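Below is my_file.cif, which holds mmCIF, N, CA and C atoms.
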```cif
data_final
loop_
_atom_site.group_PDB
_atom_site.id
_atom_site.type_symbol
_atom_site.label_atom_id
_atom_site.label_comp_id
_atom_site.auth_asym_id
_atom_site.auth_seq_id
_atom_site.Cartn_x
_atom_site.Cartn_y
_atom_site.Cartn_z
ATOM 1 N N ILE A 8 -0.305 14.366 -7.740
ATOM 2 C CA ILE A 8 0.349 13.354 -6.916
ATOM 3 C C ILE A 8 -0.175 11.970 -7.286
ATOM 4 N N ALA A 9 0.723 11.089 -7.715
ATOM 5 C CA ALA A 9 0.340 9.728 -8.073
ATOM 6 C C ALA A 9 1.080 8.750 -7.179
ATOM 7 N N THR A 10 0.961 7.456 -7.459
ATOM 8 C CA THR A 10 1.724 6.471 -6.725
ATOM 9 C C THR A 10 3.194 6.507 -7.117
ATOM 10 N N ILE A 11 4.030 5.977 -6.236
ATOM 11 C CA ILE A 11 5.420 5.722 -6.573
ATOM 12 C C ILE A 11 5.629 4.227 -6.662
ATOM 13 N N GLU A 12 6.621 3.831 -7.432
ATOM 14 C CA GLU A 12 7.056 2.463 -7.542
ATOM 15 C C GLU A 12 8.223 2.271 -6.586
ATOM 16 N N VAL A 13 8.211 1.213 -5.800
ATOM 17 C CA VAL A 13 9.306 0.887 -4.901
ATOM 18 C C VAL A 13 9.762 -0.553 -5.124
ATOM 19 N N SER A 14 10.892 -0.893 -4.524
ATOM 20 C CA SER A 14 11.562 -2.165 -4.791
ATOM 21 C C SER A 14 12.348 -2.561 -3.559
ATOM 22 N N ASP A 15 12.901 -3.773 -3.559
ATOM 23 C CA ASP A 15 13.775 -4.201 -2.480
ATOM 24 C C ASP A 15 14.883 -3.158 -2.241
ATOM 25 N N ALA A 16 15.486 -2.672 -3.323
ATOM 26 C CA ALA A 16 16.615 -1.757 -3.238
ATOM 27 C C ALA A 16 16.223 -0.395 -2.669
ATOM 28 N N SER A 17 15.006 0.059 -2.959
ATOM 29 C CA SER A 17 14.615 1.399 -2.526
ATOM 30 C C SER A 17 13.693 1.412 -1.316
ATOM 31 N N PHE A 18 13.331 0.261 -0.768
ATOM 32 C CA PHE A 18 12.289 0.231 0.249
ATOM 33 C C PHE A 18 12.684 1.032 1.488
ATOM 34 N N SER A 19 13.936 0.956 1.894
ATOM 35 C CA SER A 19 14.343 1.699 3.093
ATOM 36 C C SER A 19 14.271 3.202 2.924
ATOM 37 N N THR A 20 14.735 3.713 1.787
ATOM 38 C CA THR A 20 14.725 5.156 1.576
ATOM 39 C C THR A 20 13.344 5.686 1.217
ATOM 40 N N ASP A 21 12.563 4.917 0.476
ATOM 41 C CA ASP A 21 11.345 5.461 -0.099
ATOM 42 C C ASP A 21 10.091 5.081 0.681
ATOM 43 N N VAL A 22 10.175 4.036 1.502
ATOM 44 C CA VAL A 22 9.041 3.658 2.343
ATOM 45 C C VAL A 22 9.397 3.845 3.808
ATOM 46 N N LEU A 23 10.425 3.161 4.286
ATOM 47 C CA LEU A 23 10.645 3.142 5.728
ATOM 48 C C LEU A 23 11.058 4.512 6.249
ATOM 49 N N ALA A 24 11.798 5.274 5.439
ATOM 50 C CA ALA A 24 12.310 6.593 5.835
ATOM 51 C C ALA A 24 11.378 7.718 5.434
ATOM 52 N N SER A 25 10.220 7.411 4.876
ATOM 53 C CA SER A 25 9.288 8.444 4.474
ATOM 54 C C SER A 25 8.844 9.302 5.656
ATOM 55 N N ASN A 26 8.733 10.593 5.404
ATOM 56 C CA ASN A 26 8.151 11.484 6.384
ATOM 57 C C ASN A 26 6.652 11.219 6.495
ATOM 58 N N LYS A 27 5.981 11.075 5.353
ATOM 59 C CA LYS A 27 4.551 10.791 5.351
ATOM 60 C C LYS A 27 4.290 9.309 5.621
ATOM 61 N N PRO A 28 3.140 8.984 6.217
ATOM 62 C CA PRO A 28 2.759 7.570 6.191
ATOM 63 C C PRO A 28 2.726 7.040 4.752
ATOM 64 N N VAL A 29 3.005 5.748 4.583
ATOM 65 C CA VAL A 29 3.042 5.149 3.256
ATOM 66 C C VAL A 29 2.134 3.946 3.187
ATOM 67 N N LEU A 30 1.197 3.971 2.250
ATOM 68 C CA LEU A 30 0.391 2.804 1.974
ATOM 69 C C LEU A 30 1.040 2.023 0.853
ATOM 70 N N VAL A 31 1.526 0.821 1.148
ATOM 71 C CA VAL A 31 2.244 0.014 0.160
ATOM 72 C C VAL A 31 1.308 -1.056 -0.403
ATOM 73 N N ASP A 32 1.149 -1.043 -1.710
ATOM 74 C CA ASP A 32 0.386 -2.031 -2.446
ATOM 75 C C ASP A 32 1.285 -3.138 -2.943
ATOM 76 N N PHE A 33 1.103 -4.332 -2.407
ATOM 77 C CA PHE A 33 1.816 -5.518 -2.857
ATOM 78 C C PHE A 33 0.985 -6.157 -3.952
ATOM 79 N N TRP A 34 1.534 -6.266 -5.159
ATOM 80 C CA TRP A 34 0.750 -6.668 -6.329
ATOM 81 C C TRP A 34 1.605 -7.442 -7.327
ATOM 82 N N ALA A 35 0.984 -7.935 -8.393
ATOM 83 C CA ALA A 35 1.720 -8.595 -9.457
ATOM 84 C C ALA A 35 0.992 -8.374 -10.776
ATOM 85 N N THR A 36 1.742 -8.436 -11.874
ATOM 86 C CA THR A 36 1.190 -8.091 -13.184
ATOM 87 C C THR A 36 0.099 -9.039 -13.683
ATOM 88 N N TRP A 37 0.164 -10.297 -13.266
ATOM 89 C CA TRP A 37 -0.785 -11.312 -13.710
ATOM 90 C C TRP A 37 -2.057 -11.339 -12.858
ATOM 91 N N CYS A 38 -2.093 -10.520 -11.811
ATOM 92 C CA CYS A 38 -3.115 -10.596 -10.777
ATOM 93 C C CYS A 38 -4.377 -9.785 -11.124
ATOM 94 N N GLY A 39 -5.501 -10.474 -11.335
ATOM 95 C CA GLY A 39 -6.751 -9.813 -11.644
ATOM 96 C C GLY A 39 -7.245 -8.802 -10.619
ATOM 97 N N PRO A 40 -7.412 -9.219 -9.347
ATOM 98 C CA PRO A 40 -7.913 -8.237 -8.375
ATOM 99 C C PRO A 40 -6.951 -7.070 -8.151
ATOM 100 N N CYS A 41 -5.655 -7.280 -8.379
ATOM 101 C CA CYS A 41 -4.701 -6.174 -8.286
ATOM 102 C C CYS A 41 -5.075 -5.047 -9.247
ATOM 103 N N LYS A 42 -5.542 -5.422 -10.423
ATOM 104 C CA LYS A 42 -5.923 -4.430 -11.421
ATOM 105 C C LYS A 42 -7.116 -3.603 -10.979
ATOM 106 N N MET A 43 -8.050 -4.217 -10.258
ATOM 107 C CA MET A 43 -9.204 -3.488 -9.756
ATOM 108 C C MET A 43 -8.853 -2.503 -8.672
ATOM 109 N N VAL A 44 -7.862 -2.814 -7.867
ATOM 110 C CA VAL A 44 -7.616 -1.881 -6.784
ATOM 111 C C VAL A 44 -6.694 -0.758 -7.240
ATOM 112 N N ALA A 45 -5.929 -0.954 -8.302
ATOM 113 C CA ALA A 45 -5.007 0.071 -8.765
ATOM 114 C C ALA A 45 -5.651 1.465 -8.950
ATOM 115 N N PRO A 46 -6.833 1.590 -9.582
ATOM 116 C CA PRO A 46 -7.373 2.955 -9.745
ATOM 117 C C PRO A 46 -7.839 3.574 -8.429
ATOM 118 N N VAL A 47 -8.302 2.766 -7.486
ATOM 119 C CA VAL A 47 -8.685 3.305 -6.177
ATOM 120 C C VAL A 47 -7.443 3.909 -5.493
ATOM 121 N N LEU A 48 -6.326 3.206 -5.590
ATOM 122 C CA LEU A 48 -5.084 3.705 -5.006
ATOM 123 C C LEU A 48 -4.604 4.975 -5.669
ATOM 124 N N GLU A 49 -4.780 5.112 -6.976
ATOM 125 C CA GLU A 49 -4.360 6.347 -7.635
ATOM 126 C C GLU A 49 -5.229 7.504 -7.189
ATOM 127 N N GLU A 50 -6.517 7.258 -7.018
ATOM 128 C CA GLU A 50 -7.435 8.277 -6.518
ATOM 129 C C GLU A 50 -7.043 8.737 -5.123
ATOM 130 N N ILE A 51 -6.766 7.804 -4.240
ATOM 131 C CA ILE A 51 -6.373 8.136 -2.876
ATOM 132 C C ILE A 51 -5.036 8.866 -2.882
ATOM 133 N N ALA A 52 -4.111 8.415 -3.718
ATOM 134 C CA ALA A 52 -2.802 9.059 -3.768
ATOM 135 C C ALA A 52 -2.911 10.526 -4.166
ATOM 136 N N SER A 53 -3.841 10.838 -5.059
ATOM 137 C CA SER A 53 -4.092 12.210 -5.455
ATOM 138 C C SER A 53 -4.801 12.981 -4.352
ATOM 139 N N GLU A 54 -5.924 12.470 -3.871
ATOM 140 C CA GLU A 54 -6.784 13.205 -2.954
ATOM 141 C C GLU A 54 -6.134 13.426 -1.600
ATOM 142 N N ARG A 55 -5.343 12.464 -1.163
ATOM 143 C CA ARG A 55 -4.702 12.528 0.151
ATOM 144 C C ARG A 55 -3.206 12.801 0.057
ATOM 145 N N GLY A 56 -2.756 13.266 -1.097
ATOM 146 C CA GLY A 56 -1.340 13.402 -1.399
ATOM 147 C C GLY A 56 -0.508 14.223 -0.442
ATOM 148 N N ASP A 57 -1.107 15.205 0.212
ATOM 149 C CA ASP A 57 -0.325 16.008 1.139
ATOM 150 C C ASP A 57 -0.096 15.254 2.444
ATOM 151 N N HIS A 58 -0.850 14.182 2.689
ATOM 152 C CA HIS A 58 -0.818 13.455 3.961
ATOM 153 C C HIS A 58 -0.408 12.001 3.868
ATOM 154 N N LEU A 59 -0.292 11.499 2.646
ATOM 155 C CA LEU A 59 -0.107 10.074 2.420
ATOM 156 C C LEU A 59 0.680 9.842 1.149
ATOM 157 N N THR A 60 1.633 8.929 1.216
ATOM 158 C CA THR A 60 2.284 8.422 0.020
ATOM 159 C C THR A 60 1.713 7.045 -0.275
ATOM 160 N N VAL A 61 1.447 6.750 -1.545
ATOM 161 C CA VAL A 61 1.018 5.414 -1.934
ATOM 162 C C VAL A 61 2.095 4.809 -2.837
ATOM 163 N N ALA A 62 2.633 3.669 -2.421
ATOM 164 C CA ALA A 62 3.761 3.015 -3.114
ATOM 165 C C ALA A 62 3.317 1.664 -3.629
ATOM 166 N N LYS A 63 3.852 1.229 -4.763
ATOM 167 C CA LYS A 63 3.513 -0.058 -5.335
ATOM 168 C C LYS A 63 4.753 -0.913 -5.377
ATOM 169 N N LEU A 64 4.603 -2.145 -4.899
ATOM 170 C CA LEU A 64 5.685 -3.101 -4.829
ATOM 171 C C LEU A 64 5.255 -4.362 -5.585
ATOM 172 N N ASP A 65 5.849 -4.606 -6.745
ATOM 173 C CA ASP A 65 5.623 -5.804 -7.535
ATOM 174 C C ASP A 65 6.305 -6.964 -6.825
ATOM 175 N N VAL A 66 5.513 -7.871 -6.265
ATOM 176 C CA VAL A 66 6.085 -8.919 -5.429
ATOM 177 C C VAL A 66 6.929 -9.909 -6.230
ATOM 178 N N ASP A 67 6.702 -10.006 -7.543
ATOM 179 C CA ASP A 67 7.469 -10.962 -8.342
ATOM 180 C C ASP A 67 8.862 -10.428 -8.642
ATOM 181 N N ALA A 68 8.993 -9.106 -8.727
ATOM 182 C CA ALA A 68 10.285 -8.476 -8.914
ATOM 183 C C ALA A 68 10.983 -8.273 -7.581
ATOM 184 N N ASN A 69 10.209 -8.297 -6.504
ATOM 185 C CA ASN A 69 10.724 -7.963 -5.175
ATOM 186 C C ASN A 69 10.265 -8.960 -4.138
ATOM 187 N N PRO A 70 10.553 -10.257 -4.358
ATOM 188 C CA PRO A 70 9.970 -11.219 -3.417
ATOM 189 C C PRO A 70 10.596 -11.145 -2.035
ATOM 190 N N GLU A 71 11.770 -10.558 -1.917
ATOM 191 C CA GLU A 71 12.402 -10.378 -0.608
ATOM 192 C C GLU A 71 11.570 -9.498 0.325
ATOM 193 N N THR A 72 11.114 -8.356 -0.163
ATOM 194 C CA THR A 72 10.284 -7.471 0.639
ATOM 195 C C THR A 72 8.933 -8.111 0.970
ATOM 196 N N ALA A 73 8.362 -8.814 -0.004
ATOM 197 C CA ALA A 73 7.104 -9.520 0.254
ATOM 198 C C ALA A 73 7.298 -10.544 1.362
ATOM 199 N N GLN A 74 8.381 -11.309 1.281
ATOM 200 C CA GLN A 74 8.651 -12.323 2.297
ATOM 201 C C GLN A 74 8.847 -11.672 3.657
ATOM 202 N N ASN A 75 9.611 -10.586 3.684
ATOM 203 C CA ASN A 75 9.899 -9.914 4.938
ATOM 204 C C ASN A 75 8.674 -9.411 5.674
ATOM 205 N N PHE A 76 7.642 -9.011 4.933
ATOM 206 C CA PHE A 76 6.438 -8.511 5.575
ATOM 207 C C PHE A 76 5.312 -9.522 5.559
ATOM 208 N N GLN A 77 5.653 -10.783 5.291
ATOM 209 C CA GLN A 77 4.675 -11.870 5.363
ATOM 210 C C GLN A 77 3.472 -11.597 4.459
ATOM 211 N N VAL A 78 3.763 -11.170 3.239
ATOM 212 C CA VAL A 78 2.744 -10.976 2.220
ATOM 213 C C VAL A 78 2.771 -12.153 1.258
ATOM 214 N N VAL A 79 1.715 -12.975 1.335
ATOM 215 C CA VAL A 79 1.541 -14.138 0.512
ATOM 216 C C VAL A 79 0.476 -13.863 -0.543
ATOM 217 N N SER A 80 -0.688 -13.399 -0.120
ATOM 218 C CA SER A 80 -1.744 -13.116 -1.079
ATOM 219 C C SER A 80 -1.632 -11.696 -1.584
ATOM 220 N N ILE A 81 -2.230 -11.452 -2.740
ATOM 221 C CA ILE A 81 -2.244 -10.148 -3.363
ATOM 222 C C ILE A 81 -3.615 -9.952 -4.008
ATOM 223 N N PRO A 82 -4.093 -8.702 -4.058
ATOM 224 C CA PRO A 82 -3.446 -7.492 -3.549
ATOM 225 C C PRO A 82 -3.532 -7.382 -2.028
ATOM 226 N N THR A 83 -2.430 -6.993 -1.401
ATOM 227 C CA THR A 83 -2.387 -6.735 0.027
ATOM 228 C C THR A 83 -1.797 -5.352 0.202
ATOM 229 N N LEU A 84 -2.384 -4.527 1.056
ATOM 230 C CA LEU A 84 -1.857 -3.205 1.349
ATOM 231 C C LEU A 84 -1.365 -3.218 2.762
ATOM 232 N N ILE A 85 -0.208 -2.606 2.992
ATOM 233 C CA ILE A 85 0.275 -2.380 4.356
ATOM 234 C C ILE A 85 0.577 -0.902 4.532
ATOM 235 N N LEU A 86 0.000 -0.325 5.574
ATOM 236 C CA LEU A 86 0.262 1.049 5.953
ATOM 237 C C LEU A 86 1.464 1.091 6.874
ATOM 238 N N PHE A 87 2.442 1.906 6.491
ATOM 239 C CA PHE A 87 3.658 2.145 7.273
ATOM 240 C C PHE A 87 3.657 3.540 7.869
ATOM 241 N N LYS A 88 4.078 3.642 9.121
ATOM 242 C CA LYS A 88 4.313 4.941 9.735
ATOM 243 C C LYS A 88 5.637 4.888 10.447
ATOM 244 N N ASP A 89 6.534 5.812 10.106
ATOM 245 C CA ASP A 89 7.850 5.911 10.747
ATOM 246 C C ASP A 89 8.583 4.584 10.723
ATOM 247 N N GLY A 90 8.512 3.897 9.595
ATOM 248 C CA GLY A 90 9.233 2.667 9.423
ATOM 249 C C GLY A 90 8.477 1.429 9.897
ATOM 250 N N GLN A 91 7.334 1.601 10.574
ATOM 251 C CA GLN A 91 6.634 0.472 11.211
ATOM 252 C C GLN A 91 5.368 0.095 10.459
ATOM 253 N N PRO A 92 5.176 -1.208 10.145
ATOM 254 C CA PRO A 92 3.889 -1.624 9.580
ATOM 255 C C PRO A 92 2.847 -1.503 10.676
ATOM 256 N N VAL A 93 1.767 -0.800 10.410
ATOM 257 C CA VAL A 93 0.775 -0.642 11.454
ATOM 258 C C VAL A 93 -0.570 -1.257 11.110
ATOM 259 N N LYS A 94 -0.870 -1.507 9.846
ATOM 260 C CA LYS A 94 -2.173 -2.055 9.492
ATOM 261 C C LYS A 94 -2.123 -2.698 8.125
ATOM 262 N N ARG A 95 -2.862 -3.793 7.957
ATOM 263 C CA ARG A 95 -2.935 -4.505 6.696
ATOM 264 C C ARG A 95 -4.364 -4.498 6.181
ATOM 265 N N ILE A 96 -4.510 -4.376 4.875
ATOM 266 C CA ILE A 96 -5.759 -4.460 4.140
ATOM 267 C C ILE A 96 -5.606 -5.548 3.116
ATOM 268 N N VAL A 97 -6.588 -6.432 3.030
ATOM 269 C CA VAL A 97 -6.527 -7.530 2.095
ATOM 270 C C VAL A 97 -7.644 -7.390 1.081
ATOM 271 N N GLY A 98 -7.300 -7.465 -0.200
ATOM 272 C CA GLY A 98 -8.282 -7.513 -1.252
ATOM 273 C C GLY A 98 -8.685 -6.202 -1.885
ATOM 274 N N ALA A 99 -9.326 -6.295 -3.042
ATOM 275 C CA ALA A 99 -9.817 -5.127 -3.758
ATOM 276 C C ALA A 99 -11.161 -4.678 -3.207
ATOM 277 N N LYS A 100 -11.294 -3.376 -2.990
ATOM 278 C CA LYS A 100 -12.575 -2.812 -2.596
ATOM 279 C C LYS A 100 -12.631 -1.353 -3.029
ATOM 280 N N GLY A 101 -13.808 -0.759 -2.909
ATOM 281 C CA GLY A 101 -14.021 0.614 -3.327
ATOM 282 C C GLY A 101 -13.345 1.612 -2.404
ATOM 283 N N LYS A 102 -13.243 2.861 -2.856
ATOM 284 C CA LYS A 102 -12.505 3.886 -2.120
ATOM 285 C C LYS A 102 -13.089 4.171 -0.740
ATOM 286 N N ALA A 103 -14.412 4.319 -0.659
ATOM 287 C CA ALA A 103 -15.059 4.561 0.626
ATOM 288 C C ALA A 103 -14.777 3.427 1.608
ATOM 289 N N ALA A 104 -14.969 2.186 1.166
ATOM 290 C CA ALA A 104 -14.688 1.021 1.993
ATOM 291 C C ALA A 104 -13.228 1.006 2.440
ATOM 292 N N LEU A 105 -12.316 1.278 1.517
ATOM 293 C CA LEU A 105 -10.900 1.214 1.823
ATOM 294 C C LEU A 105 -10.493 2.271 2.857
ATOM 295 N N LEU A 106 -10.948 3.503 2.651
ATOM 296 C CA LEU A 106 -10.605 4.566 3.587
ATOM 297 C C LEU A 106 -11.183 4.294 4.974
ATOM 298 N N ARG A 107 -12.418 3.813 5.032
ATOM 299 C CA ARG A 107 -13.007 3.466 6.317
ATOM 300 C C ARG A 107 -12.256 2.315 6.984
ATOM 301 N N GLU A 108 -11.832 1.332 6.203
ATOM 302 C CA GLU A 108 -11.106 0.231 6.814
ATOM 303 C C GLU A 108 -9.761 0.693 7.340
ATOM 304 N N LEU A 109 -9.079 1.511 6.539
ATOM 305 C CA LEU A 109 -7.803 2.073 6.959
ATOM 306 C C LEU A 109 -7.919 2.878 8.239
ATOM 307 N N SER A 110 -9.013 3.608 8.399
ATOM 308 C CA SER A 110 -9.204 4.438 9.565
ATOM 309 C C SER A 110 -9.246 3.626 10.855
ATOM 310 N N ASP A 111 -8.784 4.218 11.956
ATOM 311 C CA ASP A 111 -9.029 3.638 13.269
ATOM 312 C C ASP A 111 -10.286 4.207 13.927
ATOM 313 N N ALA A 112 -10.965 5.107 13.224
ATOM 314 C CA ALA A 112 -12.190 5.709 13.731
ATOM 315 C C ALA A 112 -13.417 4.985 13.194
ATOM 316 N N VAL A 113 -14.528 5.144 13.904
ATOM 317 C CA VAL A 113 -15.809 4.598 13.457
ATOM 318 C C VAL A 113 -16.827 5.724 13.471
ATOM 319 N N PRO A 114 -17.808 5.696 12.564
ATOM 320 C CA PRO A 114 -18.814 6.757 12.589
ATOM 321 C C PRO A 114 -19.827 6.568 13.719
ATOM 322 N N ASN A 115 -20.275 7.652 14.335
ATOM 323 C CA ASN A 115 -21.384 7.536 15.266
ATOM 324 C C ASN A 115 -22.670 8.014 14.594
#
```
With the file now loaded, output its structure as structure tokens.
Amino acid sequence: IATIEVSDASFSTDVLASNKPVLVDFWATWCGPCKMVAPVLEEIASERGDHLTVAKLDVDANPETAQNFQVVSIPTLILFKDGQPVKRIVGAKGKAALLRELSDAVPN
């Protein structure tokens, strides 16, 4: 299980209508930190594949979707559930940090 590529044209069917929650990576080809987070996302997409879809949205090819979700900086991740944006992550970080930030739980 790897990431999927999505676009303005496919966002409704492939992100909003997804059965699984979808973590959408808003990125661009010229973007340095985007490159650092890409392998973390592929790892998560594999390890959590039965429970999570990870989608990539090139904001330069799809500026309509970026505008619609108020994504200005990149890399920005937005977690969608049942069509609804529920959480945003800003910036490149390691897998442990990212999963903990995504979580609504805290360790005791």
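Among the candidates A:93, A:73, A:109, A:81, the residue lying nearest to residue 39 (chain A) is A:81 (atoms considered: only N, CA and C atoms).
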Need to verify the contact set: residue 26 (chain A), 12 Å, only C-alpha atoms, exclusion of same-chain residues closer than 4 positions in sequence. Can you return it as an MDAnalysis selection string? chainID A and resid 20:22 57:60 87:90
Let's see if you can do this: from backbone DSSP, list all helix (DSSP H, G or I) residues in chain A, as a PyMOL selection string. chain A and resi 18-23+39-54+70-75+102-109
Which of these, A:48, A:82, A:66, A:55, has the shortest distance to residue 102 (chain A) once you count all atoms listed in the file?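 For residue 102 (chain A), the nearest of the given residues is A:48.
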Quick check, in Å to one decimal: how far apart do CA of residue 45 (chain A) and CA of residue 62 (chain A) lie? 10.8 Å
Evaluated on this file, the PyMOL selection byres ((chain A and resi 14-18) around 8) picks out some residues - which ones are they, written as a compact mmCIF listing (two decimals) with N, CA and C atoms, in the frame of the given file?
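File produced: selection26.txt:
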```txt
# COMPACT_ATOMS: atom_id res chain seq x y z
N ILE A 11 4.03 5.98 -6.24
CA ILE A 11 5.42 5.72 -6.57
C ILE A 11 5.63 4.23 -6.66
N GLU A 12 6.62 3.83 -7.43
CA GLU A 12 7.06 2.46 -7.54
C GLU A 12 8.22 2.27 -6.59
N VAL A 13 8.21 1.21 -5.80
CA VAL A 13 9.31 0.89 -4.90
C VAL A 13 9.76 -0.55 -5.12
N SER A 19 13.94 0.96 1.89
CA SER A 19 14.34 1.70 3.09
C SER A 19 14.27 3.20 2.92
N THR A 20 14.74 3.71 1.79
CA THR A 20 14.72 5.16 1.58
C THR A 20 13.34 5.69 1.22
N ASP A 21 12.56 4.92 0.48
CA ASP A 21 11.34 5.46 -0.10
C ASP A 21 10.09 5.08 0.68
N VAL A 22 10.18 4.04 1.50
CA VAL A 22 9.04 3.66 2.34
C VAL A 22 9.40 3.84 3.81
N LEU A 23 10.42 3.16 4.29
CA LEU A 23 10.64 3.14 5.73
C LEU A 23 11.06 4.51 6.25
N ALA A 24 11.80 5.27 5.44
CA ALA A 24 12.31 6.59 5.84
C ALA A 24 11.38 7.72 5.43
N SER A 25 10.22 7.41 4.88
CA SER A 25 9.29 8.44 4.47
C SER A 25 8.84 9.30 5.66
N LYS A 63 3.85 1.23 -4.76
CA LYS A 63 3.51 -0.06 -5.34
C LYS A 63 4.75 -0.91 -5.38
N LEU A 64 4.60 -2.14 -4.90
CA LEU A 64 5.68 -3.10 -4.83
C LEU A 64 5.26 -4.36 -5.58
N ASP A 65 5.85 -4.61 -6.74
CA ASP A 65 5.62 -5.80 -7.54
C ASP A 65 6.30 -6.96 -6.82
N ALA A 68 8.99 -9.11 -8.73
CA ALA A 68 10.28 -8.48 -8.91
C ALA A 68 10.98 -8.27 -7.58
N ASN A 69 10.21 -8.30 -6.50
CA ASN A 69 10.72 -7.96 -5.18
C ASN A 69 10.26 -8.96 -4.14
N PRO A 70 10.55 -10.26 -4.36
CA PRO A 70 9.97 -11.22 -3.42
C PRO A 70 10.60 -11.14 -2.04
N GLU A 71 11.77 -10.56 -1.92
CA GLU A 71 12.40 -10.38 -0.61
C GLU A 71 11.57 -9.50 0.32
N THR A 72 11.11 -8.36 -0.16
CA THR A 72 10.28 -7.47 0.64
C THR A 72 8.93 -8.11 0.97
N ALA A 73 8.36 -8.81 0.00
CA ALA A 73 7.10 -9.52 0.25
C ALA A 73 7.30 -10.54 1.36
```
Test item: residues at most 12 Å from residue 40 (chain A), only C-alpha atoms, excluding those fewer than 4 positions along its chain, as a PyMOL selection string: chain A and resi 32-36+44-47+80-83+97-101
For the residues in that selection, give me N, CA and C atoms as a PDB file, keeping the file's coordinate frame.
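Generated output (part-v5.pdb):
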```pdb
ATOM      1  N   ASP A  32       1.149  -1.043  -1.710  1.00  0.00           N
ATOM      2  CA  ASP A  32       0.386  -2.031  -2.446  1.00  0.00           C
ATOM      3  C   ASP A  32       1.285  -3.138  -2.943  1.00  0.00           C
ATOM      4  N   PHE A  33       1.103  -4.332  -2.407  1.00  0.00           N
ATOM      5  CA  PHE A  33       1.816  -5.518  -2.857  1.00  0.00           C
ATOM      6  C   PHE A  33       0.985  -6.157  -3.952  1.00  0.00           C
ATOM      7  N   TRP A  34       1.534  -6.266  -5.159  1.00  0.00           N
ATOM      8  CA  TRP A  34       0.750  -6.668  -6.329  1.00  0.00           C
ATOM      9  C   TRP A  34       1.605  -7.442  -7.327  1.00  0.00           C
ATOM     10  N   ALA A  35       0.984  -7.935  -8.393  1.00  0.00           N
ATOM     11  CA  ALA A  35       1.720  -8.595  -9.457  1.00  0.00           C
ATOM     12  C   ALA A  35       0.992  -8.374 -10.776  1.00  0.00           C
ATOM     13  N   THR A  36       1.742  -8.436 -11.874  1.00  0.00           N
ATOM     14  CA  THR A  36       1.190  -8.091 -13.184  1.00  0.00           C
ATOM     15  C   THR A  36       0.099  -9.039 -13.683  1.00  0.00           C
ATOM     16  N   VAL A  44      -7.862  -2.814  -7.867  1.00  0.00           N
ATOM     17  CA  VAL A  44      -7.616  -1.881  -6.784  1.00  0.00           C
ATOM     18  C   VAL A  44      -6.694  -0.758  -7.240  1.00  0.00           C
ATOM     19  N   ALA A  45      -5.929  -0.954  -8.302  1.00  0.00           N
ATOM     20  CA  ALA A  45      -5.007   0.071  -8.765  1.00  0.00           C
ATOM     21  C   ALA A  45      -5.651   1.465  -8.950  1.00  0.00           C
ATOM     22  N   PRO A  46      -6.833   1.590  -9.582  1.00  0.00           N
ATOM     23  CA  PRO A  46      -7.373   2.955  -9.745  1.00  0.00           C
ATOM     24  C   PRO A  46      -7.839   3.574  -8.429  1.00  0.00           C
ATOM     25  N   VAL A  47      -8.302   2.766  -7.486  1.00  0.00           N
ATOM     26  CA  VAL A  47      -8.685   3.305  -6.177  1.00  0.00           C
ATOM     27  C   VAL A  47      -7.443   3.909  -5.493  1.00  0.00           C
ATOM     28  N   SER A  80      -0.688 -13.399  -0.120  1.00  0.00           N
ATOM     29  CA  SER A  80      -1.744 -13.116  -1.079  1.00  0.00           C
ATOM     30  C   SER A  80      -1.632 -11.696  -1.584  1.00  0.00           C
ATOM     31  N   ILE A  81      -2.230 -11.452  -2.740  1.00  0.00           N
ATOM     32  CA  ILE A  81      -2.244 -10.148  -3.363  1.00  0.00           C
ATOM     33  C   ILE A  81      -3.615  -9.952  -4.008  1.00  0.00           C
ATOM     34  N   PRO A  82      -4.093  -8.702  -4.058  1.00  0.00           N
ATOM     35  CA  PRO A  82      -3.446  -7.492  -3.549  1.00  0.00           C
ATOM     36  C   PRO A  82      -3.532  -7.382  -2.028  1.00  0.00           C
ATOM     37  N   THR A  83      -2.430  -6.993  -1.401  1.00  0.00           N
ATOM     38  CA  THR A  83      -2.387  -6.735   0.027  1.00  0.00           C
ATOM     39  C   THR A  83      -1.797  -5.352   0.202  1.00  0.00           C
ATOM     40  N   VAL A  97      -6.588  -6.432   3.030  1.00  0.00           N
ATOM     41  CA  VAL A  97      -6.527  -7.530   2.095  1.00  0.00           C
ATOM     42  C   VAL A  97      -7.644  -7.390   1.081  1.00  0.00           C
ATOM     43  N   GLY A  98      -7.300  -7.465  -0.200  1.00  0.00           N
ATOM     44  CA  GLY A  98      -8.282  -7.513  -1.252  1.00  0.00           C
ATOM     45  C   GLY A  98      -8.685  -6.202  -1.885  1.00  0.00           C
ATOM     46  N   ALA A  99      -9.326  -6.295  -3.042  1.00  0.00           N
ATOM     47  CA  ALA A  99      -9.817  -5.127  -3.758  1.00  0.00           C
ATOM     48  C   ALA A  99     -11.161  -4.678  -3.207  1.00  0.00           C
ATOM     49  N   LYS A 100     -11.294  -3.376  -2.990  1.00  0.00           N
ATOM     50  CA  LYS A 100     -12.575  -2.812  -2.596  1.00  0.00           C
ATOM     51  C   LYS A 100     -12.631  -1.353  -3.029  1.00  0.00           C
ATOM     52  N   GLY A 101     -13.808  -0.759  -2.909  1.00  0.00           N
ATOM     53  CA  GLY A 101     -14.021   0.614  -3.327  1.00  0.00           C
ATOM     54  C   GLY A 101     -13.345   1.612  -2.404  1.00  0.00           C
TER      55      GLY A 101
END
```
Can you tell me, as a PyMOL selection string, what residues are no more than 10 Å from residue 94 (chain A) when counting only C-alpha atoms, ignoring any on the same chain fewer than 5 positions away? chain A and resi 30+84-88+108-111
